[PDB]
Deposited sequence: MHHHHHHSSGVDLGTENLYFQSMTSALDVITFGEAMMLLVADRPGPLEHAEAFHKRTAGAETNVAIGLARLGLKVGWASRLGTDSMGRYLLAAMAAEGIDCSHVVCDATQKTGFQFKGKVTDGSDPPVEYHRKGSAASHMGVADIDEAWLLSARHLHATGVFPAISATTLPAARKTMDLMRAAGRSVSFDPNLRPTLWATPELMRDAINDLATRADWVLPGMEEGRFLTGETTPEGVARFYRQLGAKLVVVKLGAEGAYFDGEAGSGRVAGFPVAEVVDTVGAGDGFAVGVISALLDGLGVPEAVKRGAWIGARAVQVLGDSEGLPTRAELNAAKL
């Protein structure tokens, strides 16, 4: 019925002329949200994607739905609730990364829990993408992310996990590490950045990060090495993939998930991610631009 499903929060991003936020007279709308950025990537590459979440019925919320719908994303499981609020966020202009101010405590998406899961619908998908953002949002969402991956594993469906770190969202670094690595226990594909891997695992090498996720029971670990590319450790074996010259994480995740699902090999999937990773840090490609690059 559907290639990929994600659970997460989307927010309206108001982007400021530079200086401090209080001094800006004008803002432009954009869209923000970690899982939704991967959603958009996969949709633009012609995959069938559904997004689950909550939103208020307010104008911000209405804008988010439209933006998501217009990218080609099934939003049937975005409960709109007039009793709750959408989140939003401010970013200033950078001339020299602009600091982002967030307004999302108590948002509709933070109220999600296990009761928000529609099992039959989850299962109608080939693949679940999961991130360390959604589970971090609140006390209810962490269990909801657990059940989501569990449900999907037991149905013999692909589970993808990108151990994103947002220290702002978790009580203590220790708590984040325990929650992230415990969730990695429920994934088939684990996609860690090298710096997050050092942090989560204490391993100083890509091979070390990967063995760590394999030992917690994971068929595939791809470690992102930045300029030097990526390293991968799977049931077929191991190797490195060179990457590109020169945000990059999301694009890299759009890369491997989309390739592994199109039936491509693991080195070839990693190449795609390197390509979209490099490419978007400039902007998430369509199939048109994909095919054009080789």
Walk along the deposited sequence from position 1 and note every stretch that has no C-alpha coordinates. 1-25, 42, 123-124, 275-281, 318-323, 336
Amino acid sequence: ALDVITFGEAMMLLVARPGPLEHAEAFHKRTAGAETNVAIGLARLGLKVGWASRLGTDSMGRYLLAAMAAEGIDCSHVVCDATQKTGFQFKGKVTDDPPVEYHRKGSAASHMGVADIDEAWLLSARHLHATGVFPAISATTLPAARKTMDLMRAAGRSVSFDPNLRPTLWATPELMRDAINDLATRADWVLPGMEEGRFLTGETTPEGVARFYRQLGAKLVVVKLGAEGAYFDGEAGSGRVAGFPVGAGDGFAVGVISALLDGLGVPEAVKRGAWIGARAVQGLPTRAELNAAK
From here on, numbers count along this sequence of modelled residues.
Tell me which stretch, 200-208 or 86-94, has the higher mean Cα B-factor listed in the entry. 86-94
With respect to the recorded C-alpha B factors, which stretch has the higher mean value, 225-233 or 250-258? 225-233
Report the option among 52, 42, 241, 55 whose CA atom has the maximum B-factor in the deposited record. 241
Using only modelled residues of the chain, where does the Cα B factor of residue 2 rank: lowest third, middle third or highest third? middle
The third of the chain into which the C-alpha temperature factor of residue 132 falls is the lowest
Third of chain Cα B-factors occupied by residue 188: lowest
Which third, lowest, middle or highest, does the C-alpha temperature factor of residue 34 belong to within its own chain? middle
By the record's CA B-factor, is residue 143 among the lowest, middle or highest third of residues in the chain? lowest
